[PDB]
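# Show me the folded form of this:
(chains A, B, C and D, ligands or ions: 4)
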Amino acid sequence: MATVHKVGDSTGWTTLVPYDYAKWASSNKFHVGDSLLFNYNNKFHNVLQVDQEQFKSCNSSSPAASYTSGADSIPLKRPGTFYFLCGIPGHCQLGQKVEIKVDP
Amino acid sequence: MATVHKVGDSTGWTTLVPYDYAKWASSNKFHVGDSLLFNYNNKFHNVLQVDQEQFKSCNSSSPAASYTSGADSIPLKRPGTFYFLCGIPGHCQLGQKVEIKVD
Amino acid sequence: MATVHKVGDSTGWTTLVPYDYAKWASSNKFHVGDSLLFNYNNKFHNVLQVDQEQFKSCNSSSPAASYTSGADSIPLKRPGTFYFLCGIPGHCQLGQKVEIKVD
Amino acid sequence: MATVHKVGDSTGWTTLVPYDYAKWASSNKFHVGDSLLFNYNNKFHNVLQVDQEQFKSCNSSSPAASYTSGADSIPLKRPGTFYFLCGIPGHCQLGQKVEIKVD
Ligand SMILES: [Cu+2]
Ligand SMILES: [Cu+2]
Ligand SMILES: [Cu+2]
Ligand SMILES: [Cu+2]
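Numbering: from 1, shown residues only, chains lettered A, B, ... in the order given. Ligands and ions are numbered 1, 2, ... in the order given. Provided below are the atomic coordinates:
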């Protein structure tokens, strides 16, 4: 059964305090058909889908997709690794980025 | 016990022509385990899940969830009533909203 | 085959001077598969697709589609009447709107 | 006996993964009467027809035509070379551009 994964659990998608999104991802199992739910104050953050190179360098200049609702539901349709980060200046560097492994 | 319901059938989720989404919902039977499929031009529409109050007043300010893929597959995993509307300015008022009764 | 119709011909999509877009449309024959090309300075205009009611009242508050490139190519894929207007305040009232009858 | 060429085949027009559009173009033959089909998520990409100069420098400021349907069917009724690129910031630089030689 498809499952909705709330990014950061009760903490959500934020930069208010440090939060290890890599550990959040590791504590979850993502399957095709699942979705990610990003909850945040859209006056301070957004969600951008990028590739591995942009993810590692925190490059938010050329996103493959962008979400700005504050309650974005993003589908995980195929097996592989997906990368998301907040594009607001300096946020990715603060650790607001997450790698999602779908059905490895 | 496992059916995919195409919202608006072949017409999809749109405002180009008047479409009775209420009649579409009433012409279908939704059961837990089923899913909804919203097909639309995602540059011009979106799908927001909201509560009863927001649904009636067409308020798209604080949605519970926002879908923007243009082919959203939304699973119905619990009995009850669910509300969806398009948050693009004025689309909800034109009738692009739908109430789903599950189980 | 298909044909590209340049809206307003050499005059384009503008409000600089009065231009009868209805006459332009009547002098053209639109077929399924054809496209419309709107050329304009996008700092002053845009192109919105609306329904008949909104078209008649120059209501640009809830468009079905929006284009803002200044060189928009819009496909005409089905038989029927389509309506377009510029949504910048007062432009539709100046006559910057056009009804397209496809086949 | 016209032929519809689906740009990027099943992969379509995207930047999600590196895709060699140049190889795609080279592995296909385009003749007058054919058409190109660009399939993509139109909220995140577009198709702009530009000149050789703009193509090389990935300049999308003054396109000859802008397509945004997500399933653009573009007829090729003249021999020669045509240039297309995605105007979304940085996409052209990532390689989302294609040169088409007809006849
Ligand atoms: Cu942020
Ligand atoms: Cu809508
Ligand atoms: Cu105007
Ligand atoms: Cu693009």
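
# What's the local residue count around residue A:100?
Neighbours of residue A:100 under the rule other CB atoms under 10 Å in any protein chain shown: 20. For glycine as for every other residue, the C-beta is placed from the backbone atoms N, C-alpha and C.

# wait, what's in contact with residue A:45?
Contacts for residue A:45 were tallied using CB atoms under 8 Å, 6 or more residues apart in numbering or on different chains; they are A:13, A:14, A:15, A:86, A:88, A:91, A:96.

# Out of these, which comes closest to ligand 4?
The shortest approach to ligand 4 among those belongs to residue A:86, at 20.6 Å (CB to the ion).

# Do I have it right that the closest one meets residue A:96?
Yes: the criterion here is CB atoms under 8 Å, and residue A:86 meets it with residue A:96 at 4.2 Å.

# returning to what we had before: buried subset of the contacts of residue A:45 as a ChimeraX selection?
Buried members of the contacts of residue A:45, defined by 16 or more other CB atoms under 10 Å in any protein chain shown, are picked up in ChimeraX with:
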select /A:13,14,15,86,91,96
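
# Tell me how far the residue nearest to residue A:39 when sequence neighbours are not counted lies from residue A:94.
What sits nearest to residue A:39 in space, not counting adjacent residues and going by CB to CB, 6 or more residues apart in numbering or on different chains, is residue A:12, at 4.3 Å. Distance from residue A:12 to residue A:94, counting by CB to CB, to the nearest Å: 15 Å.

# Which of these two has more residues huddled nearby?
residue A:12 (18 against 14).

# if we can go back for a sec, now the common contact residues for residue A:86 and residue A:96.
Contact criterion CB under 8 Å, 6+ apart; residues shared by residue A:86 and residue A:96: A:13, A:15, A:45.

# just so I have it, where are all the helices in chain A?
Listed in chain order, the helices of chain A (DSSP state H) span A:21-26, A:52-57.

# and the last one, what other elements does it pack with?
If I follow you right, that is helix A:52-57. Contacts defined by 3 or more CB pairs under 8 Å, 6 or more residues apart in numbering or on different chains; DSSP states H and E place helix A:52-57 against strand A:80-85.

# what residues are up against the spatially most central residue of chain A?
For chain A, the residue nearest the mean C-alpha position is residue A:84 (4.0 Å; CA atoms, centre = their mean). For residue A:84, the contact set (CB under 8 Å, 6+ apart) comprises A:36, A:38, A:47, A:48, A:49, A:50, A:74, A:97, A:98, A:100.

# Turn the residues you listed into CSV, columns for distance to residue A:67.
Formatted as CSV, those follow (distance: CB to CB, whole Å):
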residue, distance to residue A:67
A:36, 10
A:38, 7
A:47, 4
A:48, 8
A:49, 8
A:50, 12
A:74, 7
A:97, 14
A:98, 13
A:100, 14
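
# Which of those residues sits closest to ligand 1?
Distances from ligand 1 to the contacts of residue A:84, taken by CB to the ion, are shortest for residue A:47, at 8.7 Å.

# Quick check: bridge partners of the closest one?
Counting by DSSP bridges, residue A:47 is bridged to residue A:67.

# Can you report how many residues lie near the residue of chain A found nearest ligand 4?
Relative to ligand 4, the nearest point of chain A is residue A:64 (8.0 Å; CB to the ion). Neighbourhood size, residue A:64 [other CB under 10 Å]: 21.

# Touching, it and residue A:47? I think so.
No: look at residue A:64 against residue A:47 with CB under 8 Å: they stay out of range, at 11.7 Å.

# quick one on the thing from earlier: which ones among the contacts of residue A:45 lie within strands?
Judged by DSSP state E, the contacts of residue A:45 include no members of strands.

# Among the contacts of residue A:45, which one sits closest to chain D?
residue A:88 (15.8 Å; CB to the nearest CB).

# Good, we can wrap up now.
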